[PDB]
Amino acid sequence: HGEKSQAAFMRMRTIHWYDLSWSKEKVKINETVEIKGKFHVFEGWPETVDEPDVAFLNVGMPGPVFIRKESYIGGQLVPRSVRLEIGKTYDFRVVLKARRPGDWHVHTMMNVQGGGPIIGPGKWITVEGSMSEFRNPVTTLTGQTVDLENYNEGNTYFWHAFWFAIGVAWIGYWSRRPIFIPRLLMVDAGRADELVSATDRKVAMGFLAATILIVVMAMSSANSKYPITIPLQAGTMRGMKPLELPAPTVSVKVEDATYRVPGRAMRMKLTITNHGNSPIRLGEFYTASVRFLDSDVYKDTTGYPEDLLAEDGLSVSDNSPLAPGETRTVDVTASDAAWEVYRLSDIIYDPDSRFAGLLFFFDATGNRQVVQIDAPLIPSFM
Amino acid sequence: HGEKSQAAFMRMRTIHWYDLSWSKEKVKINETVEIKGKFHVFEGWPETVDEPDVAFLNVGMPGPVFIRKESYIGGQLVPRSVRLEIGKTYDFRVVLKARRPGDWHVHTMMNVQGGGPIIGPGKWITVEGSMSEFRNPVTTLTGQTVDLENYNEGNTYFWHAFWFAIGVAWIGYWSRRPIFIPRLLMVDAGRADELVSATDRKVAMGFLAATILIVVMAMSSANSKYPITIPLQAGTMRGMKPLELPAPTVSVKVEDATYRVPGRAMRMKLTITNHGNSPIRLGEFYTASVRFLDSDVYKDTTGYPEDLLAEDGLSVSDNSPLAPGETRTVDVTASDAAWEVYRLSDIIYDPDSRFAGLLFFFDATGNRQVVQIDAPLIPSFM
Amino acid sequence: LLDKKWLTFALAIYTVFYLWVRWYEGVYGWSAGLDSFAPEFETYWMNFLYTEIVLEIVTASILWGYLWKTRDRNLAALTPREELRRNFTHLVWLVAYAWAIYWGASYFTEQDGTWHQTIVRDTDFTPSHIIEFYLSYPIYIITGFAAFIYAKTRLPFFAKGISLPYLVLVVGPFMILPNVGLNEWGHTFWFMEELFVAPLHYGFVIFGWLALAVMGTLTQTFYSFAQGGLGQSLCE
Ligand SMILES: CCCCCCCCCCCC(=O)OC[C@H](COP(=O)(O)OCC[N+](C)(C)C)OC(=O)CCCCCCCCCCC
Ligand SMILES: CCCCCCCCCCCC(=O)OC[C@H](COP(=O)(O)OCC[N+](C)(C)C)OC(=O)CCCCCCCCCCC
Ligand SMILES: CCCCCCCCCCCC(=O)OC[C@H](COP(=O)(O)OCC[N+](C)(C)C)OC(=O)CCCCCCCCCCC
Ligand SMILES: CCCCCCCCCC(=O)OC[C@H](COP(=O)(O)OCC[N+](C)(C)C)OC(=O)CCCCCCCCC
Ligand SMILES: CCCCCCCCCC(=O)OC[C@H](COP(=O)(O)OCC[N+](C)(C)C)OC(=O)CCCCCCCCC
Ligand SMILES: CCCCCC(=O)OC[C@H](COP(=O)(O)OCC[N+](C)(C)C)OC(=O)CCCCC
Ligand SMILES: CCCCCC(=O)OC[C@H](COP(=O)(O)OCC[N+](C)(C)C)OC(=O)CCCCC
Ligand SMILES: CCCCCCCCCC
Ligand SMILES: CCCCCCCCCC
Ligand SMILES: CCCCCCCCCC
Ligand SMILES: OCCCC(F)(F)F
Ligand SMILES: [Cu+2]
Ligand SMILES: [Cu+2]
Ligand SMILES: [Cu+2]
Ligand SMILES: [Cu+2]
Ligand SMILES: [Cu+2]
């Protein structure tokens with residue numbers, strides 16, 4: 001819900017999310033929904049964004065309407081920040097547990113230490129039930145099971161109320177007598193030395209000694225109880241395992257790319273060379289969370305968000321099968337209302353008019369090839 | 001013209017320029033001259049120079065005596081800063097259009113974000129004609145052709161003169177009356193309240209309102225005209241394609257390297273091992289823009305600058321053909337007046353007495369091998 | 001008599017000398033002045049540096065010594081008319097100082113920009129480094145010191161004490177010249193980017209601010225003008 005405002009070229013060339021899947025579209029309270037997919041770190045990472053040396057796999061959502069039970073990059077849990085390598089493709093998996101009823105737009109996002117949020121596609125997930133039914137149990141290494149919704153809440157309230165009461169008692173003790181104007185007049189007109197006299201000093205000594213003694217006793221008691229404590233666990237985690245993708249058998253060279261101002265379409269001319277031994281066909285163009293599909297070649301079945309999915313938004317001038325070894329140049333047009341709804345047309349406002357995306361090529365048997373394209377995007381006005 | 005002053009070791013180990021060529025040596029006004037070649041980023045990049053993460057392909061020249069029409073790294077245009085990788089070799093091409101008559105020393109240079117200028121070899125290029133004949137036409141996406149020499153000059157002059165006239169009118173309006181001493185005396189001796197009276201306040205209100213209104217109207221008019229504008233296009237460009245050089249079949253180990261103080265010669269002992277299947281011979285030693293050639297092995301035909309070219313400056317103790325598989329150790333002396341003219345002898349003043357360079361090995365058929373050498377450079381005094 | 005034609009000479013000498021300097025640097029900027037290790041650079045710019053430094057030292061010594069030696073011992077017995085004439089002469093000195101300050105801190109300083117931001121750079125003594133740091137700076141320093149000394153030695157208002165605004169106006173812009181050390185240390189080492197707005201440029205700027213003391217200096221000169229011959233007319 002935080003994208004459509006970021007720069008179009010920065011959304012195009014940071015991170016490409018694909019193979020996204022959602023386990024469920026509608027859940028009950030305490031029910032789990034799993035989000036899977038892959039993201040590729042673009043080679044032409046913008047210089048204004050710091051390299052993803054420190055990155056965190058986050059969830060785009062309006063507060064804890066879900067709780068993040070687990071999150072994985074590769075196959076290993078990532079509760080801390082992680083290091084990503086430019087040009088690598090990683091697979092991710094986020095497990096969410098429903099907490100608050102309603103209709104929520106859930107995004108998978110990557111926060112980069114020096115570049116800000118990179119928001120992936122968002123999907124509407126319905127939560128039904130009552131928040132009062134939500135439980136977040138956890139078992140500690142000390143052998144006790146607690147609910148994270150209310151654990152330590154009573155202790156926190158008690159201690160804060162106790163110290164607030166001590167301070168209020170001090171202030172009220174000094175506030176029983178007249179406060180401002182008579183005391184000001186006494187201090188000004190001659191030496192005061194009358195508004196602070198025993199047993200006021202004795203009361204202050206008692207307050208100070210009691211404060212120190214209570215702090216020490218409370219610390220000792222909180223050490224006898226909970227004798228086993230550990231510090232906060234933090235630190236960027238290295239050695240994220242990237243996907244070992246096979247080398248693509250399709251090479252694509254972008255010969256100019258244009259978009260009409262104003263308009264809802266993007267046009268580019270591609271020289272596609274088919275290696276390997278199977279006839280390929282262009283089936284998809286993904287630019288920034290928007291999938292332009294050639295419906296005659298490929299159809300989406302993973303429940304991709306409709307406002308981000310162009311079922312027939314990809315038109316190829318000659319999308320006949322490309323025989324192996326054959327090279328041809330075609331005009332590819334990606335047109336959909338999403339191009340203007342998600343403000344991908346506002347790249348005219350950007351200080352770097354370059355686009356990046358993913359082309360998905362499909363053969364007859366159905367196996368697909370992913371190739372990455374990037375080129376300057378030239379607006380056309382007449 | 002800015003080298004010969006930089007540190008000798010820093011000129012030796014930053015970037016090695018070779019295969020340099022110039023399309024023309026003498027040009028007319030509006031005529032194009034193209035500079036081509038390769039540069040290799042040295043692996044032992046000095047720590048005092050920031051890594052070439054942000055680098056710009058520039059031209060060393062005394063002001064716009066040429067205009068940079070195009071510049072390429074790899075095969076793609078690079079009007080912005082680019083990212084280079086240490087140890088990689090890139091090919092470059094700069095297209096210059098003559099603008100100012102005269103004899104100009106044109107250098108190809110690489111500016112690094114945190115290290116400063118790395119100046120390559122410079123060549124004298126003669127320009128003949130008149131500056132008045134120079135044209136720099138360009139066609140915009142709005143369908144108009146303008147000359148960059150004088151486009152918008154009239155508008156700039158008009159607006160600056162208009163605002164300067166407004167300010168001068170304000171100052172003169174207040175300067176018609178006596179200015180400094182009577183006004184100072186009036187302000188000092190009693191309340192002034194007489195030198196600023198209506199209609200002075202009315203004139204100031206008119207000035208303020210007219211200024212705001214004129215700014216708003218001028219902005220609106222400059223928006224109605226030129227309705228299509230884009231911000232400045234900036235940003236470091238990643239994904240520079242380096243040359244895929246074959247692995248060299250020659251391995252060279254530097255066993256000590258010395259230079260006489262004072263002197264014009266550098267001496268080093270190399271252990272050369274010939275792999276592959278052809279007899280090789282040492283033909284060139286390039287250290288910092290200076291090419292020491294063994295004239296019996298190789299001759300320069302690319303019109304390299306004479307003051308940087310040592311035709312017989314490279315003497316090898318035994319430069320007989322090196323049979324494949326054979327290893328021999330020879331004494332190599334690089335001697336030329338350039339070693340002192342370009343202050344390569346001043347490495348004795350440097351805080352890091354290490355040299356780097358390129359050795360070019362040629363076989364009978366003429367195909368060449370490039371090997372890189374780097375070692376401490378030990379001065380000798382007696 | 002009062003204000004005489006010394007003001008015309010004060011303007012004209014700086015104008016003519018600096019126009020000739022600009023012609024010289026236009027002729028020898030390129031072509032004996034690009035390569036700091038060429039022999040012609042030594043004959044056209046290093047010799048210029050040496051000659052200008054020697055001449056500046058000699059001129060400063062002679063001018064300041066003459067102004068101090070010819071100081072008015074009997075300032076008490078100075079008539080108001082003579083005081084008015086001396087005030088006008090001091091104003092001419094201040095005009096010369098303002099003209100020299102312009103030529104030094106605006107013209108040749110932004111010529112350092114046009115030069116360092118277009119040339120491949122090479123030494124601490126580029127032709128722009130010979131003209132701006134070591135000619136125009138010294139010249140305006142000499143003029144400012146001479147104006148201060150003239151005020152102190154001829155004007156009773158500026159006598160019997162060192163005026164703080166005048167001292168700041170005279171010494172702060174002078175501090176730009178030793179600040180050149182920060183410049184050299186500020187490009188060779190720290191900052192290889194030819195940025196002119198780099199913090200190594202702060203010492204000059206900070207000390208360029210001290211020229212704002214001309215405001216207090218000028219109200220002091222106004223009071224000195226309006227001592228005996230303040231009028232009448234003014235405030236009457
Ligand atoms: C506050 C006190 C300031 C003191 C410093 C003053 C610096 C003066 C210039 C230094 C020159 C130098 O050092 O160079 C010496 C130059 C080098 O040129 P050249 O190779 O002989 O060529 C021939 C000479 N042309 C190229 C000038 C034609 O020749 C000279 O003899 C000429 C110097 C003339 C300076 C006086 C004229 C100034 C303009 C008129 C209004 C005053
Ligand atoms: C208002 C201030 C006036 C000062 C005038 C200058 C007096 C110089 C005395 C002799 C010093 C010397 O000869 O030695 C200085 C050494 C030279 O070193 P070198 O050339 O590298 O090698 C050694 C070569 N010897 C052995 C032949 C010397 O150190 C330096 O590099 C410092 C030189 C920069 C001086 C900057 C002065 C700027 C003045 C500007 C006036 C408007
Ligand atoms: C009593 C208070 C006086 C203190 C002032 C003393 C001068 C400080 C010297 C710094 C040396 C140091 O500390 O370290 C030196 C560091 C080491 O960096 P490097 O790894 O070589 O970076 C390599 C980058 N190059 C290649 C560009 C160097 O270079 C610096 O970053 C210099 C920082 C600038 C500090 C000077 C600011 C002066 C302020 C002037 C405004 C009027
Ligand atoms: C090549 C260098 C030539 C410099 C000539 C300096 C002239 C001598 C300075 C001087 O004392 O006064 C010259 C003029 C007129 O003032 P004078 O009345 O001569 O000064 C003394 C005042 N007194 C007569 C009552 C005792 O006062 C002025 O306004 C002269 C201004 C000259 C401009 C400053 C030039 C400095 C360049 C470095
Ligand atoms: C370099 C940086 C300057 C540092 C700033 C310190 C000076 C600021 C205060 C000042 O200018 O006062 C010194 C006198 C003014 O008169 P006084 O300070 O009252 O003392 C006069 C006696 N004295 C000449 C020996 C000083 O003024 C003079 O007498 C100067 C003229 C005499 C000097 C001439 C010789 C110099 C040749 C190079
Ligand atoms: C208030 C500052 C005036 C600065 C003017 C200036 O720098 O003039 C040099 C420039 C040089 O260009 P140009 O006139 O074509 O003569 C070229 C001669 N050189 C190359 C030596 C400067 O133009 C002039 O000489 C005009 C005269 C203006 C008198 C106030
Ligand atoms: C009043 C504002 C001063 C801010 C200083 C500043 O902008 O410094 C930038 C610089 C950052 O260096 P950077 O801009 O990256 O320089 C790039 C070029 N090199 C690496 C050659 C210096 O930081 C420092 O080195 C410390 C400055 C101390 C000021 C008292
Ligand atoms: C002046 C008060 C110092 C209190 C120190 C208490 C130490 C208790 C150790 C558990
Ligand atoms: C107080 C003056 C504010 C001026 C605002 C003008 C807005 C014009 C929009 C084009
Ligand atoms: C590289 C970060 C430099 C930060 C400089 C801060 C300057 C602040 C001046 C008070
Ligand atoms: O004082 C010279 C101006 C900026 C620089 F980059 F050249 F250093
Ligand atoms: Cu959303
Ligand atoms: Cu990608
Ligand atoms: Cu040169
Ligand atoms: Cu190299
Ligand atoms: Cu500087």
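In what follows, chains carry the letters A, B, and so on, assigned in the order in which the sequence lines appear, proteins first and then strands, with residues in each chain numbered from 1. Atoms within each ligand, like the ligands themselves, are counted from 1 in listed order.
- Nearest protein heavy-atom neighbour of atom 10 (C) of ligand 5: C:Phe148 CE2, 4.3 Å.
- Protein heavy atom in closest approach to atom 24 (C) of ligand 7: C:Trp190 NE1, 4.1 Å.
- Listed by atom number, the atoms of ligand 7 under 4.0 Å from C:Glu193 heavy atoms are 17 (C), 18 (C).
- Taking atom 2 (C) of ligand 7 as the reference point, the nearest protein heavy-atom neighbour is C:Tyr202 OH, 3.3 Å.
- Atom CZ of C:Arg81 has 12 or fewer heavy atoms from other residues, nucleotides or ligands within 6.0 Å.
- Of the protein's heavy atoms, none falls inside 4.0 Å of atom 18 (O) of ligand 5.
- Among all non-hydrogen protein atoms, the one lying nearest atom 12 (O) of ligand 7 is C:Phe191 CZ, 4.3 Å.
- A salt bridge is absent between C:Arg85 and C:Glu83: the closest approach of a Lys/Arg side-chain nitrogen to an acidic carboxylate oxygen does not fall below 4.0 angstrom.
- Within a 4.0 Å radius of atom 24 (C) of ligand 5, the protein has at least one heavy atom.
- Summary of contacts: the protein heavy atom closest to atom 30 (C) of ligand 5 is C:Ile149 CD1, 4.0 Å.
- There is a protein heavy atom less than 4.0 angstrom from atom 21 (C) of ligand 5.
- In this structure, atom 17 (C) of ligand 7 has a protein heavy-atom contact shorter than 4.0 Å.
- Using the six-membered ring where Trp is involved, B:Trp17 and B:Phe92 have ring planes that are perpendicular, over 60° apart on the 30 and 60° scheme.
- At a 4.0 Å heavy-atom cut-off, ligand 5 touches C:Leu167 through the side chain alone.
- Considering each of C:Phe174, C:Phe145, C:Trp68, C:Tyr166, the one bringing a non-hydrogen atom nearest atom 31 (C) of ligand 5 is C:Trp68.
- Aromatic ring orientation, C:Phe88 versus C:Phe225: perpendicular (interplanar angle above 60°, classes split at 30° and 60°).
- Between C:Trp103 and C:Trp99, the ring-plane angle classifies as perpendicular under the 30° and 60° cut-offs.
- Note: C:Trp23 and C:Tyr28 have perpendicular aromatic rings, judged against thresholds of 30 and 60 degrees for the angle between ring planes.
- Within the 4.0 Å cut-off (strictly below), a protein heavy atom is located near atom 14 (C) of ligand 5.
- C:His187 and C:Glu193 are not linked by any side-chain donor-acceptor pair at a separation below 3.5 angstrom, with hydrogens and angles left out of the test.
- Results of the side chain to side chain contact (heavy atoms under 4.5 Å, CB included) test with C:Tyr18 over C:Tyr107, C:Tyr102, C:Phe108 single out C:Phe108 as the only residue that passes.
- Per-atom contact check: atom 4 (C) of ligand 5 does not touch the protein, criterion being a heavy-atom distance below 4.0 Å.
- Considering only non-hydrogen protein atoms, atom 6 (C) of ligand 7 sits nearest to C:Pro199 CG, 3.7 Å.
- Ring geometry for C:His201 against C:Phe196 counts as perpendicular: the plane angle is over 60°, on a 0 to 90° scale with 30° as the lower cut.
- A donor atom on one side chain and an acceptor atom on the other are found under 3.5 Å apart for C:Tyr137 and C:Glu132.
- Between the side chains of C:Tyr166 and C:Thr221, not a single donor N or O lies within less than 3.5 Å of an accepting N or O.
- Classification of the C:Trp93-C:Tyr150 ring pair by plane angle, with boundaries at 30° and 60°, yields tilted.
- With hydrogens left out, the protein atom closest to atom 21 (C) of ligand 7 is C:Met192 CG, 3.3 Å, a heavy atom.
- Less than 4.0 angstrom separates atom 33 (C) of ligand 5 from none of the non-hydrogen atoms of the protein.
- Rounding to 10°, one obtains 110° for the angle at the Cu ion (ligand 16) between NE2 (C:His187) and OD1 (C:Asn183).
- Using a 4.0 Å threshold on non-hydrogen atoms, atom 26 (C) of ligand 7 does not count as touching the protein.
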